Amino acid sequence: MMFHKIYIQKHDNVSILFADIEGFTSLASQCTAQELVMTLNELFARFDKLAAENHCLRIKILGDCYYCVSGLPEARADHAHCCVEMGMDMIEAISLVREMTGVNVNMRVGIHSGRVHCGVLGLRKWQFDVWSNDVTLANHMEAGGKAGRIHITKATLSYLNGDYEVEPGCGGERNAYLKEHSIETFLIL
């Protein structure tokens, strides 16, 4: 009665994967505004497939940024490998639509594992989203990530049972936030 019914809900133990285009402006300084929107749509179309396969949930798309999250709708202990595999498949996905572009299109995967608060805000034009510091951090892995690789946090490495192989991403030196927050990053090999 006092505050509008908040359609929000906490969710512990999840994996949050962000992904952006390495140098999207360089990309736009070449092809028609239309062709971009098409390459884009093209990619994410293929993306949304991999997502539903890798047990992920697409959250939202902002131009050249795609961020889905494993660990939903229903809780899964396997929530980490999903995002990883998702990252994997995404890596090749972008690599194949690079053929059509005929231009340097590339990604930058960043994944941090933790807890979120998801739902939708406002009253009009609802769009599912996720909210949390871990979610902010996941976003910063995508930022302080490495082109073509998978930038996972130490938390994403602890839910991984190290079946994968990592190495110092040194993200602290590639992004302000990661440094200022003493974050040990790695990179799937």
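All residue numbers are counted from 1 along the displayed sequence. Take the two forms, superpose them, and find the largest set of C-alpha atoms that agree within 1.5 Å; that set is the rigid core.
When the other structures are laid on the shown form by the rigid core, the stretch among 102-110 and 85-93 with the greater C-alpha deviation in 8 other deposited structures of this protein turns out to be 102-110. Take 22-30 and 144-152, fit the other structures onto the shown form by the rigid core, and average the C-alpha distances in 8 other deposited structures of this protein: the farther stretch is 22-30. When 17-25 is weighed against 163-171, 163-171 comes out higher, by mean CA B-factor as recorded in the entry. The mean C-alpha temperature factor is higher for 46-54 when 117-125 and 46-54 are set side by side. Per the deposited coordinates, the residue with the largest Cα temperature factor out of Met141, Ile59, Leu62, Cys31 is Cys31. When the CA B factors of the chain's modelled residues are split into thirds, the value for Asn133 lands in the lowest one.
Ranked by Cα temperature factor within the chain, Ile183 sits in the middle third according to the deposited record. Per the deposited record, the Cα B-factor of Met100 falls in the highest third when ranked against the other modelled residues of its chain. Sort the modelled residues of the chain by CA B factor and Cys83 lands in the middle third. Among all modelled residues in its chain, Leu189 ranks in the middle third by Cα B-factor.
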